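What follows is a short report on a single structure.
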Amino acid sequence: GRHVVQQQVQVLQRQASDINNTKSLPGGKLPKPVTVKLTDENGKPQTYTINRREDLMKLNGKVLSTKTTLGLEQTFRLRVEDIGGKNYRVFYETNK
Ligand SMILES: [Ca+2]
């Protein structure tokens with residue numbers, strides 16, 4: 001029960017909601033892949049391509065680095081959950 005204030009996670013939450021509301025093409029791919037942008041534990045930018053809605057589950061448990069408004073890095077563990085019917089929610093949990 002933590003309010004997600006980190007930009008990168010907030011954008012991914014919106015994208016997951018976008019995907020949840022997008023119909024798949026026959027065979028299960030999204031009509032257009034969604035590009036997700038994160039920063040990994042070592043501080044490197046990463047981008048990932050979401051071709052199918054379930055691809056979002058591959059981000060579950062990924063350790064991310066975020067920057068506070070004070071300029072300090074914070075690491076978090078990303079969480080992605082299927083609440084029912086392949087509808088995904090994105091949140092985080094502390095890493096250390
Ligand atoms: Ca946004």
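Any value given below was found using the heavy atoms of this structure, including those in side chains, with hydrogens, waters and symmetry copies removed. We number each residue from 1, following the sequence as shown.
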Original post:
Is there a side chain to side chain contact (heavy atoms under 4.5 Å, CB included) between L78 and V9 once you walk through the steps?
Top reply: CA-CA 8 Å; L78 190 60; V9 182; 4.3 Å; yes
Original post:
Which is it for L30 and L25 under the side chain to side chain contact (heavy atoms under 4.5 Å, CB included) test, yes or no, and what are the steps along the way?
Top reply: CA-CA 6 Å; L30 296 165; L25 299 184; over 6 Å; no
Subject >> From CA spacing to verdict: side chain to side chain contact (heavy atoms under 4.5 Å, CB included), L38, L59 >> reply: CA-CA 10 Å; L38 310 172; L59 294 167; 3.9 Å; yes
Original post:
Run the side chain to side chain contact (heavy atoms under 4.5 Å, CB included) check on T68 and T66 step by step: do they pass?
Top reply: CA-CA 7 Å; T68 73; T66 68; 5.6 Å; no
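The 12-atom threshold is not exceeded at CD of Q7, counting heavy atoms of other residues, nucleotides or ligands nearer than 6.0 Å. Atom NZ of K62 has more than 12 neighbouring heavy atoms from other residues, nucleotides or ligands inside a 6.0 Å radius.
For the side chain to side chain contact (heavy atoms under 4.5 Å, CB included) test with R89, the passing option among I83, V80, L56 is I83; the others fail.
Nearest heavy-atom pair, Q13 versus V90, reported as atom, atom and distance to 0.1 Å: NE2-O, 2.9 Å. Looking at every heavy atom in both residues, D82 comes nearest to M57 through N-SD, 4.1 Å. The minimum heavy-atom distance linking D55 with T49 is given by the pair OD2-O, 4.2 Å. The two residues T75 and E73 come nearest to each other via the heavy atoms CG2-OE2, 3.5 Å. When all heavy atoms are compared, the tightest approach of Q10 to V4 is OE1-O, 3.1 Å.
Taken to the nearest 0.5 Å, the CD atom of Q46 stands 10.5 Å off from the CD atom of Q8. Atom CG of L12 is separated from atom CD of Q6 by 12.5 Å, given to the nearest 0.5 angstrom. A distance of 4.0 Å separates CZ in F91 from CZ in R79, rounded to the nearest 0.5 Å.
For the residue pair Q74 / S65, no side-chain donor-acceptor distance below 3.5 Å is found, with atom types taken as modelled. Judged purely by distance below 3.5 Å, without hydrogens or angles, the side chains of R53 and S24 pair a donor atom with an acceptor atom. Remark: the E81 side chain and the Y88 side chain contain no N/O donor-acceptor pair separated by less than 3.5 Å.
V11 and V63 end up in different hydrophobic clusters when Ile, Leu, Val, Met, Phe, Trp and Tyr side chains are linked at under 4.5 Å.
Taking 4.0 Å as the cut-off between side-chain N and carboxylate O, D18 and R14 count as a salt-bridged pair.
Inter-residue side-chain proximity for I50 and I19 is flagged as met; some heavy-atom pair is nearer than 4.5 Å.
In this structure a side-chain-to-backbone donor-acceptor pair under 3.5 Å is missing from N42 to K44.
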